[PDB]
Structures are given as structure tokens and as C-alpha cells.
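Notes to accompany the following structure.
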Amino acid sequence: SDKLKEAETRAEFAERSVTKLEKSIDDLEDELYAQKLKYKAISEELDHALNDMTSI
Amino acid sequence: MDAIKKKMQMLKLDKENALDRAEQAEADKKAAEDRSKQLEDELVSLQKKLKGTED
């Protein structure tokens, strides 16, 4: 019974830790999505300036 | 970068070309205008001597 309690406690902590890690990776994935949007927008704006200047 | 330099230089070249062409045209305009004035002044006297000749 004592060993079962110990193992259950460690497994519960492991579940909590993996939940925290999954939330953290979600946050960082969202941040990378935002920065990818930033690069898309800046490249699009540079292309717009290029086409405006080449087309006067 | 690359595009900015070439476009800016080409546009400044266009401005300079237009300016110098305009200056040349205006110089020729002024010279032609003065020569035209000379032609008028001589033509009036030509008319006067013609009128005396006809009299």
C-alpha cells in the first residue's frame, strides 16, 4: 500500500508536469506563428514597394 | 539591399536628364526670340525704304 501511494504520487506529478510543458509549447508555438506572420507581412510589403517602384 | 539603389539612381538620372533638356530648350528659345526681334526691327526699316521707293 505504501509503495502504491508513492508511485501514484510520482505519476500524478508527472502528469501535471507534462500538462505544464504542453501549455508552454503551445505558447511558444503561438509566438512562432506570430513571428512567421511578421515575416510574411514584411516580405509582402517589400514586394509591394518593389512592384510600385518598378511600375512607378 | 539592391533594388533601392538602382531605382533611386535611375529616377535621379531621369530628373537630371529632363532638367538639362529643359535648360537647352529654353536657351534656344531665348536666342530664337532675340533673333526674331532683330528680324522685326530690320523688316520695319525695309518697309520704310520700300515706301520711299514707291513714292
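Every chain in the C-alpha cells has a letter given in the order shown (A, B, ...), and although residue numbers restart at 1 in each chain, ligands are simply numbered from 1 in the order shown.
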Considering only C-alpha atoms, tabulate each residue of chain A that lies at most 9 Å from chain B along with its nearest interatomic pair and the corresponding distance in Å to one decimal; arrange the rows by chain and ascending residue number and present them as a Markdown table.
| residue | atom | partner | partner_atom | distance |
| --- | --- | --- | --- | --- |
| A:50 | CA | B:3 | CA | 7.2 |
| A:53 | CA | B:7 | CA | 7.0 |
| A:54 | CA | B:7 | CA | 7.6 |
Mind dumping the selected residues with N, CA and C atoms as a CSV table (one decimal), in the first residue's frame?
chain,number,residue,atom,x,y,z
A,50,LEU,N,8.7,47.0,-54.1
A,50,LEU,CA,9.4,46.7,-55.3
A,50,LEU,C,8.5,46.8,-56.6
A,53,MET,N,7.8,50.5,-57.3
A,53,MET,CA,8.9,51.3,-57.8
A,53,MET,C,9.2,50.8,-59.3
A,54,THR,N,9.1,49.5,-59.5
A,54,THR,CA,9.4,49.0,-60.9
A,54,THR,C,8.2,49.5,-61.8
Work out how far apart CA of residue 55 in chain A and CA of residue 17 in chain B are and give it in Å to one decimal.
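Between CA of residue 55 in chain A and CA of residue 17 in chain B the gap is 19.7 Å.
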